[PDB]
Structure formats: structure tokens, C-alpha cells
J.: 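Have a look at the structure that comes next, please.
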Amino acid sequence: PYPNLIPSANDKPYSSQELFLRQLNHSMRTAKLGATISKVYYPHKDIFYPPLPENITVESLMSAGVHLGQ
RNA sequence: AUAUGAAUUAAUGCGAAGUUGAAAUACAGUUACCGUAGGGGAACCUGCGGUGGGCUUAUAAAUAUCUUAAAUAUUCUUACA
Ligand SMILES: [Mg+2]
Ligand SMILES: [Mg+2]
Ligand SMILES: [Mg+2]
Ligand SMILES: [Mg+2]
Ligand SMILES: [Mg+2]
Ligand SMILES: [Mg+2]
């Protein structure tokens, strides 16, 4: 998982790298608590979750700004 | 009317090797050319207007701004929703 990391001793505080891994553990579990986001555009998803050609509407072409000519 | 000769006479073409000016073609060294006039043996020179087939070849008196910069965007592979 995370080789070549030397933990700290229980007496002494978290180190910077231990803090990083700790907040990663927080980020993957509890940071996303409270609400789910819906109907919001995320730029990366056009690249990794493009729709199928049959599912494209005029509205989604317009929201992408395809209609704006010179 | 028309043809044929004509003394004399005007122009023009060509050719051989040369000869003389420096007018044109470059800003051709006075922008060229068109028209017209005078001068000159002539090339050309000068006056007046016109044209560009010469100047469109045209190219700065200059100064620029504030919001969560990241445990948050940048990662992401049909996922979620
Ligand atoms: Mg000359
Ligand atoms: Mg001249
Ligand atoms: Mg004279
Ligand atoms: Mg005129
Ligand atoms: Mg000229
Ligand atoms: Mg010219």
C-alpha cells in the first residue's frame, strides 16, 4: 500500500506524512458526508464519461456551448 | 479625263565597316511622356497645361487591477447519480 514509510512512535505526534495519510483516510470516508451533489457540471466528466450518440439531446449540445458560432 | 517620258526635285528603306552626341531605360544624374509653341542642322533645349505609364515606395509620442491557492482546483476511464 504505502511502502518505505516509517511510522511514528505513540509517544510522539503524527509526522507530516502520517498527517497526509490520516487526512486521506478522512477524505475517502467522511469528507464527502452531508450531501450528494446532483445536476452540476464537472469538466473532467466530458472526457471520462462521454454519453452515447443516441442519448445526446439538443439541450446537452447547447449546455456545452456547441451552438455558439463565430 | 487618262496613260507615258521627263531636266530638276522631296521623302523614305536597306547594307559594310566605322564616326560622332549623351537624349531614353536606375531618382538615367534636369521625372518621363501627351498636346501645343519658340529655338536648334539634328540629337535635343525651353515655355504652358495634362497624365503616372514616379513617388499608396504608405508602418507607434511609449506606461493597466483585489478574495477564499487547496483537507477544496489540478486526479478521475461509463462511474455515479
Ligand atoms: Mg541622359
Ligand atoms: Mg532624364
Ligand atoms: Mg536655346
Ligand atoms: Mg484631365
Ligand atoms: Mg520612373
Ligand atoms: Mg508604380
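Chain letters run A, B, ... following the sequence lines, proteins first, then strands; residues in each count from 1.
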J.: Is it the case that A28(B) stacks on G29(B) (six-membered ring centres closer than 5.5 Å, ring planes within an angle under 30°)?
T.: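 Stacking test on this dinucleotide step: no.
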
J.: Between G35(B) and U25(B), how far apart are the two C1' atoms, rounded to whole Å?
T.: 24 Å

J.: Nearest 0.5 Å please: distance from the CG atom of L5(A) over to the CD atom of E18(A).
T.: 6.5 Å

J.: For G53(B), does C1'-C2'-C3'-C4' say north (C3'-endo side) or south (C2'-endo side)?
T.: south

J.: Closest heavy-atom contact between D46(A) and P50(A)?
T.: O-CB, 3.6 Å

J.: Would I56(A) end up clustered with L52(A) when hydrophobic side chains under 4.5 Å apart are linked, directly or stepwise?
T.: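 No, it is not one cluster - the side chains of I56(A) and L52(A) are not joined through contacts under 4.5 Å.
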
J.: If anything within 90° of 0 is syn and all else is anti, what is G5(B)?
T.: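 Anti.
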
J.: Kindly label the base of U75(B) as syn or anti, based on whether its glycosidic torsion lies within 90° of 0.
T.: anti

J.: For the sugar ring of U59(B), does the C1'-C2'-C3'-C4' torsion put it in the north or the south range?
T.: south

J.: Using the purine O4'-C1'-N9-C4 or pyrimidine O4'-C1'-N1-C2 torsion, is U31(B) syn (within 90° of 0) or anti?
T.: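 Because its glycosidic torsion lies more than 90° from 0, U31(B) adopts the anti conformation.
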
J.: Is it the case that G50(B) and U51(B) stack, meaning their six-membered ring centres lie under 5.5 Å apart and the ring planes differ by under 30 degrees?
T.: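 As far as the 5.5 Å and 30° test goes, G50(B) stacks onto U51(B).
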
J.: How would the sugar of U12(B) be described, north or south, if a positive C1'-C2'-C3'-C4' means north and a negative one means south?
T.: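 North is the answer for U12(B), its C1'-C2'-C3'-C4' torsion being positive.
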
J.: What interatomic distance, in whole Å, is found between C1' of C48(B) and the corresponding atom of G21(B)?
T.: 29 Å

J.: Would you measure the distance from the P atom in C66(B) across to the matching atom in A61(B) and give it in whole Å?
T.: 31 Å

J.: Using atom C1' in both nucleotides, what's the gap between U19(B) and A42(B) to the nearest angstrom?
T.: 15 Å

J.: Roughly how many Å apart are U20(B) and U51(B), using the P atom of each and rounding to a whole number?
T.: 43 Å

J.: Decide if the distance between the centres of the six-membered base rings of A6(B) and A7(B) is under 5.5 Å while the angle between those ring planes is under 30 degrees.
T.: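 Result for this step: unstacked.
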
J.: Take nucleotides 69-76 of chain B nucleotide by nucleotide from the 5' end and write B, S or -, depending on whether a protein heavy atom sits under 4.0 Å from the base, only from the sugar-phosphate, or from neither.
T.: --B----B

J.: Which value, in whole Å, describes the distance between the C1' atoms of nucleotides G53(B) and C33(B)?
T.: 8 Å

J.: Between CG of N10(A) and NZ of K12(A), what distance do you get to the nearest 0.5 Å?
T.: 13.0 Å

J.: From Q17(A) CD over to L19(A) CG, what is the distance, rounded to the nearest 0.5 angstrom?
T.: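 Atom-to-atom, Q17(A):CD and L19(A):CG are 8.5 Å apart.
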
J.: Say we look at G29(B) and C34(B): how far apart would their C1' atoms be, to the nearest angstrom?
T.: 24 Å

J.: Quick one: closest heavy-atom pair of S8(A) and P13(A), and the distance?
T.: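 Taking every non-hydrogen atom into account, OG-O, 3.4 Å.
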
J.: Can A22(B) and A23(B), neighbours in the strand, be said to stack by the measure of ring centres under 5.5 Å and ring planes under 30 degrees?
T.: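 Judged by ring centres under 5.5 Å and planes under 30°, these neighbouring bases do not count as stacked.
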
J.: How long is the straight-line distance from CG of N55(A) back to OG of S60(A), given to the nearest 0.5 Å?
T.: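 So the gap between those two atoms works out to 9.0 Å.
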
J.: Return whichever of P51(A) or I37(A) has its heavy-atom-nearest nucleotide of RNA chain B closer to the 5' end.
T.: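 Its nucleotide being nearer the 5' end, the pick is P51(A).
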
J.: Under a cut-off of 3.5 Å for both distances of each Watson-Crick or G-U pair, what dot-bracket string does RNA chain B give, using [ ] for crossing pairs and | for inter-strand pairs?
T.: ..............................(((((((((....))))))))).............................

J.: How is the sugar of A22(B) puckered by the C1'-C2'-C3'-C4' sign, north or south?
T.: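 Negative torsion, so south.
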
J.: Both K39(A) and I47(A) contact RNA chain B. Which one's nearest nucleotide lies toward the 5' end?
T.: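 Between the two, 5'-proximity favours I47(A).
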
J.: Provide the distance between the two P atoms, one in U46(B) and one in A28(B), to the nearest whole Å.
T.: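 Comparing P positions in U46(B) and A28(B) gives a spacing of 14 Å.
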
J.: How would the sugar of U74(B) be described, north or south, if a positive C1'-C2'-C3'-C4' means north and a negative one means south?
T.: north

J.: Atom CZ in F20(A), atom OG in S27(A): separation rounded to 0.5 Å?
T.: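 Output value for this atom pair is 8.0 Å.
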
J.: Centre-to-centre below 5.5 angstrom and planes less than 30 degrees apart, is that true for the six-membered base rings of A58(B) and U59(B)?
T.: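 Not stacked: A58(B) and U59(B) fail the distance or angle limit.
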
J.: What is the distance from atom CG of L33(A) to atom NE2 of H26(A), rounded to the nearest 0.5 Å?
T.: 8.0 Å

